[PDB]
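Protein chains: 2
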Amino acid sequence: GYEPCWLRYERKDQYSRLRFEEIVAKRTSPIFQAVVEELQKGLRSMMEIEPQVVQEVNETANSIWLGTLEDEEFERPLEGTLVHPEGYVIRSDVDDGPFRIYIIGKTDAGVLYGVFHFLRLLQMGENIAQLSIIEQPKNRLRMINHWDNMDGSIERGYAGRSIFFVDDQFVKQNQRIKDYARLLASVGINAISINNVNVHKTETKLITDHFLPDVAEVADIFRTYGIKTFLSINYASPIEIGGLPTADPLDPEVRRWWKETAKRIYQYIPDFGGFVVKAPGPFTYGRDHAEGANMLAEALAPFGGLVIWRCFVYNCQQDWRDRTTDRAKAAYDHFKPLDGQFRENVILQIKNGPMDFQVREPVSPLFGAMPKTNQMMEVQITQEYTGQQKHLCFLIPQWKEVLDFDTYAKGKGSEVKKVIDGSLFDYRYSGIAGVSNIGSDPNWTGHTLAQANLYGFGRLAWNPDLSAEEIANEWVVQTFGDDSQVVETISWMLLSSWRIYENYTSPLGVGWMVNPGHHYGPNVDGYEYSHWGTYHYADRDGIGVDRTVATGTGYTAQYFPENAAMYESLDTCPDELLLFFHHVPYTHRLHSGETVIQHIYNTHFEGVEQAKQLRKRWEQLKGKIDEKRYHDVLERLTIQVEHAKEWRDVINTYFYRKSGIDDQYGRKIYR
Amino acid sequence: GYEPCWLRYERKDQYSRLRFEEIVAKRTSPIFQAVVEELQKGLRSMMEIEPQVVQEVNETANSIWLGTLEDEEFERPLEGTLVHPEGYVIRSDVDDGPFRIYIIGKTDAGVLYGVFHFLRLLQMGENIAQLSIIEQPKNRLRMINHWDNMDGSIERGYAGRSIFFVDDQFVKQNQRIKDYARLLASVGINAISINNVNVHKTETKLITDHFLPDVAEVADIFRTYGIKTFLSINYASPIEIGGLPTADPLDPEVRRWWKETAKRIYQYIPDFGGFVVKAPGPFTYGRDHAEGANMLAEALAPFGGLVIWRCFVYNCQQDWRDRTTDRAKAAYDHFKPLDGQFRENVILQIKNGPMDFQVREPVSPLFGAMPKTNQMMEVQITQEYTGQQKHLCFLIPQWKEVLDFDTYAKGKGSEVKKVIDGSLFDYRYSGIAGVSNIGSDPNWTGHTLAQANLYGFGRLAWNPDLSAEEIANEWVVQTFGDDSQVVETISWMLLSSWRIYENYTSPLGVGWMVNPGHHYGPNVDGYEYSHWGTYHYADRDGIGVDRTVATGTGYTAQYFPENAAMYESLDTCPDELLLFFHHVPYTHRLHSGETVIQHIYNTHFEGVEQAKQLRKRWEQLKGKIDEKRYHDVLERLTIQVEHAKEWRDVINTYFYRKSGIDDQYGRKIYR
Ligand SMILES: CO[C@H]1[C@H](O)[C@@H](O)[C@@H](O[C@H]2[C@H](O[C@@H]3CO[C@@H](O)[C@H](O)[C@H]3O)OC[C@@H](O)[C@@H]2O)O[C@@H]1C(=O)O
Ligand SMILES: CO[C@H]1[C@H](O)[C@@H](O)[C@@H](O[C@H]2[C@H](O[C@@H]3CO[C@@H](O)[C@H](O)[C@H]3O)OC[C@@H](O)[C@@H]2O)O[C@@H]1C(=O)O
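Protein chains in written order, with the numbering used here: chain A, 1 to 671; chain B, 1001 to 1671.
Below, the structure written as structure tokens:
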């Protein structure tokens, strides 16, 4: 009913197989059961072998050994260096007897990730004769956030309906949930919130006895795949379902209500992860976010639960007339002052940028500014402002730019990745979360190639140091095979896609210029006079938001001195973010040599030609990809080309109508 | 539970009463029963008298005689000139004996309208000692179109939920429907379509046995008040509920299906009015609208039913790049060529303007262009683009401008009103329809003063020659009393409201500039790059749609020579419609002496000050209006003032940003 995505386990030819007679499973836990089944599935499908599962090594059999450090009958130096619970070592026995592969994890979860790594090597056709691998994830929390609603809809979902809910109830078919867990575990994802951060009427009841049995059934599946389950909660629950007159976090009964709620949840789900919170709320009663988050943290504390508090807070009622108020400054001004006031099990979840997942946004100043408060970054896998899976947009390159951004919080070498992996400030709980891009569609992600974004998110979550090139390579090979043309072509498409999409959408980092509401397609003035604080200020002479300290909102001062100075200066501010930081004349000359207005025309005309090239390159792969997927993607690429033409012309015409400056190259701009 | 609107029948003082002992009802029909009950209600409430209802005149009693020409025991000359079925005569007996008032109608409906006229005179405090009145409606069809959905919502409804439906069923409480019928009948409305022209899933079933009993129950109520019931239909019904493979109007079985459907409906509702149609459809099968409308007309013909075919047809997928395509020309180019091909019981329903109920639009060229096809005009009482009942907007003055527009179809004296009343071309069926502005709100229309629009629609439908001044006077007196200050103040507010709203919204007839979707509030470029064909083409030098023959779309040629020439010339084109017909520089000098850009600034700054005056004048009436209604309206007036400020600033800033020309008077324009 649906695709296996990157876990194809395609049958190998007669010259690429392995000889194994047994799988030695040293443990019988639920996770080990799933681990063994996955190994059996992979070996059967790829190698056409069915090794017997045993609990003790056969001295003369070729085997794959699965176990933890305590199960070892010696313990070599390599695995001895393992300190992370989810870490593992994979090594081939150096002796000259039977062939033995040892997958040693610090804990059961480690064995799971180790087996998926082993299977990845097999799918990639790597030589496993002399393996010596040690892997430990950099981020403690590698999470997925679902924006699924219980009526089946998914907020900002472009890949079909929810696979969890339908008709305000849980789906009765859990097989797809198991396969989803397999996909998530294959890339190391260890945490998931199953419901929309915008908690509506029915969803508010997920923390009650009426739905907890179903939530537990789902959590049971995820647990076997090393994934902790979380629920997004309605801060007003005490009122809506608690029967209390207030939701004030300082009200004695409200505090008690949440403690009892936590206790109730843990009776159903002993290892419940905690709550994801989008915040009647704290401010409603004059309380700050520390007071609001700490109350929930205290309820979960005795049970080891975590409170994931989203920092996506700003004035959703800003006056477009007031150029002194800057939405981009909101998150930092709200949370920076609260550093050191949060309980230890509270993690502030901050979007990669200070605005709202635009094609390009500078890094949120909050990263590196709160040494005493756990932080985790939230990225959006679903392409809300990046093509909505109609346009191709491999998000990994962008995420790496964010992760590798040096905040200089503690001098050079204070990259965002070091902030969220917890090494820079010694955070007890930290990591990264991604807004799911899946749905009921057979190909899971709407656009077949968007499967690469989910896979890629997991890879970066595990190790931010992985290159975009190798992640793309891994995904393409596992999903489409090793034909050099197929690999090179699809890898190029993925690696080039983000820049291509940015080229014909919003210019030089100013963002937006999208249709209000659904957010798909060009509409330069869409939110220009709205109350959302998302303005470009384009007029007949220039464009851009002055965020400088010298003459603007002073947003640049939120960064540490090194980056603040870079953006503050009109001369040093990078072209790609120029309009986010400075208001400049259309004739302003960029580092590229292009005037701002000509840059707009250039990238929009040229971006469409690049999109046409994406389609052309794909068409050249006909015959090397199964017809179904070939046409599924071709269909989307054609949709992309046609819509790109709309983006190009709408933006070019809008700016020609305002600037009065013609295209240097005389290309077609409709009057 | 709800207000009586203009049928207050307020108790008179001791010096303004009438002496009547009997009501002589010569007939016992359902309509006569309602007529008598209404007279009893009015006299009891206003005069505190309860005359006995009899069937024969008492030679010595003061009486009110109700009957038709055949019931007369002589028949005087005046009533002898009555030719219209709904006409009536009201006259006081000239003898010196008992006081007698004769209300003589051509038919029962005539007696109903005559009684409501008599009651109107009493509410207005007119001297009825020597009455000699003769009235005949100008328009045969005086209809109301409901955009109500069966789930309770009302498309473009700003006065609450449907009073007809809820939960995909009919409401069980019909008392409000009776009071609504009373209101409609009081102003002569004789036809109504109860469901949205956009017929959805459940609504498509209104023409089936499952809902017909309920439809009939509603029709029964309206019948007693002289109102014919109509249903909007889904042209694809044969497929959706008929089980047929097509909806092609030329398919033999489709034609038969509709005939059987008509027969079925008439078994439940013997005097069913017919179908209102918004058109799978005719074009889907390569058929024209004559073929499509005639098929339905043939089904209803044997039963005397009518087909009301909406001419709101255009390319809802127009390319904004193509300046040769003009949505304004669509209706005429589509229907003009079909003149003479429609069945006699088909009436083409055309909006007052060629676009879509904007604050100001020139008259639809179709009026006066189809001598051989019945036509009726559709106006919108619900304020979709005129304030949505948040802003005050008495629509009567605008409708009179349309009705009095001389098309010169047959030389001078070919006003739109003569086209739709059927006198110019001898149309068998014609008239006017208005999109209802009512909802479940206690005050029926959301804005208390919007009650004047429904009342006013009925008055104009009855006699387009009535002045806006007298209609406003009638409504105010009946609804708020005769205090000279109250009357003068509210009348001024109503009469000035439309111009005030236009002043701060779209300029010089170009229209739109509203938020997409809900259509409320400023957004200059809202639909500027959309596929709806609603563009203003504003750039850094000028604004406007070139609809001239010389250099534009050639739309002016759709009018007859006299009007075509007026609009074609930049020098003679009226200021109020300039931007709808010409694209001009911001510096273009208007007949008023204002440059186009300064006119924009002037009306927007000044319109807000005028709105503040509306509120000020209302506040001065405190103490002379019951507190509930005083505050209900004050609340709305304050909302209007605050939103007007937004309209003013958004438009002024947009044009300053594009034109670069400052306000002549140095008023505040946000950069
Ligand atoms: C699940 O929450 C997220 C939103 O989907 C997302 O677009 C974003 O918020 C947008 C905003 O979205 C509107 C939110 O209110 C709704 O009633 C409306 O339908 C949406 O269109 O659109 C304007 C933009 O400036 C905001 O950033 O943020 C969400 C989040 O909570 O991260
Ligand atoms: C009941 O029909 C009418 C519409 O409510 C009204 O606004 C108008 O059509 C508008 C158009 O409305 C959209 C119609 O499609 C819907 O899916 C969408 O939600 C509405 O916003 O908005 C653009 C404007 O150019 C059109 O004129 O006409 C209606 C009618 O049938 O008279």
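Where is the CB? At the ideal position from N, CA and C, for every residue including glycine.
{"Asked": "Is B/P1442 buried or exposed, if buried means 16 or more other CB atoms sit within 10 Å of its CB?", "Found": "exposed"}
{"Asked": "Can you determine whether any heavy atom of ligand 1 sits closer than 7 angstroms to the C-beta of A/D356, and answer yes or no?", "Found": "yes"}
{"Asked": "Could you tell me the alpha carbon to alpha carbon distance between A/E488 and B/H1200, rounded to whole angstroms?", "Found": "50 angstroms"}
{"Asked": "If we ignore side chains and look at the alpha-carbon of each, how far apart do A/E59 and A/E72 end up?", "Found": "15 angstroms"}
{"Asked": "Take A/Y586 as the anchor and find which of A/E619, A/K658 and A/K624 has the nearest alpha-carbon.", "Found": "A/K658"}
{"Asked": "Between the stretch 206-215 of chain A and the stretch 229-241 of chain A, are three or more C-beta pairs nearer than 8 angstroms?", "Found": "yes"}
{"Asked": "Looking only at its own chain, which residues have a Cβ that is under 7 angstroms from the Cβ of B/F1357, when we skip the five neighbours before and after it?", "Found": "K1351, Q1380, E1384 and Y1385"}
{"Asked": "Just checking: is the beta-carbon of B/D1326 within a distance shorter than 8 angstroms of some beta-carbon in chain A?", "Found": "no"}
{"Asked": "Looking at the C-beta of A/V584, does it have a partner C-beta in chain B at a distance below 8 angstroms?", "Found": "no"}
{"Asked": "Round the Cβ separation of A/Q130 and A/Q478 to the nearest angstrom and send it over; I've been treating them as touching at under 8 angstroms.", "Found": "Wrong, their Cβ atoms sit about 22 angstroms apart, outside the cutoff."}
{"Asked": "For A/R540, would you say it is in contact with chain B, using Cβ-to-Cβ distances shorter than 8 angstroms as the test?", "Found": "yes"}
{"Asked": "According to DSSP, B/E1415 sits in a beta bridge with which residue or residues?", "Found": "B/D1406"}
{"Asked": "Please report whether the beta-carbon of A/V514 lies at a distance below 8 angstroms from any beta-carbon of chain B.", "Found": "no"}
{"Asked": "Whole angstroms is fine: what's the gap from B/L1495's alpha carbon to B/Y1567's?", "Found": "27 angstroms"}
{"Asked": "If you follow the beta strand (DSSP E) that B/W1065 is part of, which residue opens it and which one closes it?", "Found": "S1063 to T1068"}
{"Asked": "In chain order, what residues of the stretch 639-662 of chain A put their CB closer than 9 angstroms to some CB of chain B?", "Found": "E646, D649, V650, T653, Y654, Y656, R657, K658, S659 and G660"}
{"Asked": "If we define contact as Cβ-Cβ less than 8 angstroms, is B/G1607 a contact residue for chain A?", "Found": "no"}
{"Asked": "Straight-line CA distance for B/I1064 to B/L1300?", "Found": "40 angstroms"}
{"Asked": "A/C573: buried (16+ other C-beta within 10 angstroms of its C-beta) or exposed?", "Found": "buried"}
{"Asked": "For B/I1144 versus B/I1189, is the C-beta spacing smaller than 8 angstroms?", "Found": "yes"}
{"Asked": "Any idea if A/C316 is buried or exposed, counting beta-carbon neighbours within 10 angstroms, 16 or more meaning buried?", "Found": "exposed"}
{"Asked": "Starting from the C-beta of A/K372, find all residues in its chain whose C-beta is less than 6 angstroms away, skip the five residues before and the five after it, and write them out in chain order.", "Found": "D339 and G340"}
{"Asked": "Do B/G1387 and ligand 2 come close, with the Cβ less than 7 angstroms from some heavy atom?", "Found": "no"}
{"Asked": "Less than 8 angstroms between the beta carbons of B/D1148 and B/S1162, yes or no?", "Found": "yes"}
{"Asked": "Rounded to the nearest angstrom, how far is the Cβ of A/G533 from that of A/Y314, given a contact under 8 angstroms?", "Found": "7 angstroms"}
{"Asked": "Flag this pair as touching only if the stretch 1385-1399 of chain B and the stretch 1498-1506 of chain B have three or more C-beta atom pairs under 8 angstroms; answer yes or no.", "Found": "yes"}
{"Asked": "Flag B/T1534 as yes when its Cβ comes closer than 7 angstroms to any non-hydrogen atom of ligand 4, and as no otherwise.", "Found": "What this structure holds is ligand 1 and ligand 2, not ligand 4."}
{"Asked": "Using beta carbons (cut-off 8 angstroms, strictly below), is A/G511 in contact with chain B?", "Found": "no"}
{"Asked": "Reducing DSSP to helix, strand and coil, say where A/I350 ends up.", "Found": "strand"}
{"Asked": "Give the single residue among A/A452, A/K410 and A/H391 whose Cα lies nearest to the Cα of A/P4.", "Found": "A/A452"}
{"Asked": "Considering only the beta carbon of each residue, do A/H117 and A/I90 sit closer than 8 angstroms?", "Found": "yes"}
{"Asked": "Can you list, in chain order, the residues of its chain whose CB lies under 8 angstroms from that of A/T107, leaving out five sequence neighbours each side?", "Found": "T68, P85 and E86"}
{"Asked": "Excluding five sequence neighbours on each side, which residues of the same chain lie with their C-beta closer than 6 angstroms to the C-beta of A/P51?", "Found": "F20, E21, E22 and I23"}
{"Asked": "Identify which residue in B/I1308, B/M1370 and B/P1362 has its Cα closest to the Cα of B/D1333.", "Found": "B/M1370"}
{"Asked": "First and last residue of the beta strand (DSSP E) that includes B/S1496?", "Found": "Taken as a continuous stretch (DSSP letters only), B/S1496 belongs to no beta strand (DSSP E), being part of the alpha helix (DSSP H) at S1484 to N1503."}
{"Asked": "I need the straight-line Cα distance from B/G1368 to B/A1644, nearest angstrom please.", "Found": "37 angstroms"}
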